[PDB]
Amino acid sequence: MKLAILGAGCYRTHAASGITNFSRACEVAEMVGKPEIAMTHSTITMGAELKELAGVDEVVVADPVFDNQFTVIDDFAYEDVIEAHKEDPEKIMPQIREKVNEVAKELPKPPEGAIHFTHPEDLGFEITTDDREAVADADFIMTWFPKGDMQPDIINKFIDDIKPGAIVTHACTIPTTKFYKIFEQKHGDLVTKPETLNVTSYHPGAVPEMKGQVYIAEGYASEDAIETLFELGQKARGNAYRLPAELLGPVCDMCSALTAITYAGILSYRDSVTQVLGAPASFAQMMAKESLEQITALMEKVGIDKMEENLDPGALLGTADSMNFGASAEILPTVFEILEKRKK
């Protein structure tokens, strides 16, 4: 199956963040004993995984940057990086970052400049400048395009070259429904039938070189297409998650912390109800619905910053404490610590 990767990505914002490392990239590099996989990033990391771990032998990378200022930082040896990542990545990341921040200071933004440490070339990938030729006959198209208004412009350039049935993916720079509407703009043509395309995500939920995980949005691709990506992703990335398109941002964006907290609440609360009060799940659901809609409606009504003025966080200490049993007892005591600090 031919994989066309569209967008090689740039490292600058990984370095500038100050909190990324190469720990996944190092893990695969060792699995397959190819040290140069160790400092791959973004789409190049995920491409090595697909080729080396998931039997995907035909990989093309396309990016206009290859014919511009594609810069390869050779200052650091693969081996020292692998070595450092066994005990503490921080023995080496500070200087990797400084070196990149310095190169990035003067270097144009991607599609004109991009910063890597290992050429995709060196991993047996076809490299090209022409998106149209990359996608010709491609069964899996991985897009990795910049945020905002350029994505439809990038995409309409090659859309009619995408073979019917293809799997076409996006990552963190666009929401799925926005990505989908681009292909939708082209429904009606009978020569291409983009209506047959399987649109979804291959979202790392983090810089891929740091973490083995991928997030696959459901709602637009076929069952078969997402089962296919999920197997491929499990294998290549180590950890795959198949979830509805409408939870992609809630799970992957910086609201993830609130999503995690409240999903934990829900599961804990549900269990303490079913398992210790013997109720059917619908009883727990009904209560949970009202509780979630009402706290949410309060936040919308007065402002997130003004909730305490309207509902004294201490109001909950005298009622919820008698629910402090079963699964809920895992979370409730920490919650009590927070509300007690915060009361009027």
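Residue numbers here begin at 1 and follow the sequence given.
- Comparing 96-104 with 164-172, the higher mean C-alpha B-factor in the PDB entry belongs to 96-104.
- The PDB entry records a higher mean C-alpha B factor for 115-123 than for its counterpart among 254-262 and 115-123.
- Looking only at 76, 140, 179, 220, the residue with the top Cα B factor in the deposited structure is 76.
- Of all the options 192, 234, 268, 201, the entry's greatest CA B-factor is assigned to 192.
- Among the modelled residues of its chain, residue 329 has a C-alpha B-factor that falls in the middle third according to the deposited record.
- Ranked by C-alpha B-factor against the other modelled residues of its chain, residue 188 falls in the highest third.
- In this PDB entry, the Cα temperature factor of residue 247 sits in the bottom third of its chain's modelled residues, the lowest group.
- Sort the modelled residues of the chain by CA B factor and residue 58 lands in the highest third.
- For residue 293, the recorded CA B-factor ranks within the lowest third of the chain. Only modelled residues enter the ranking.
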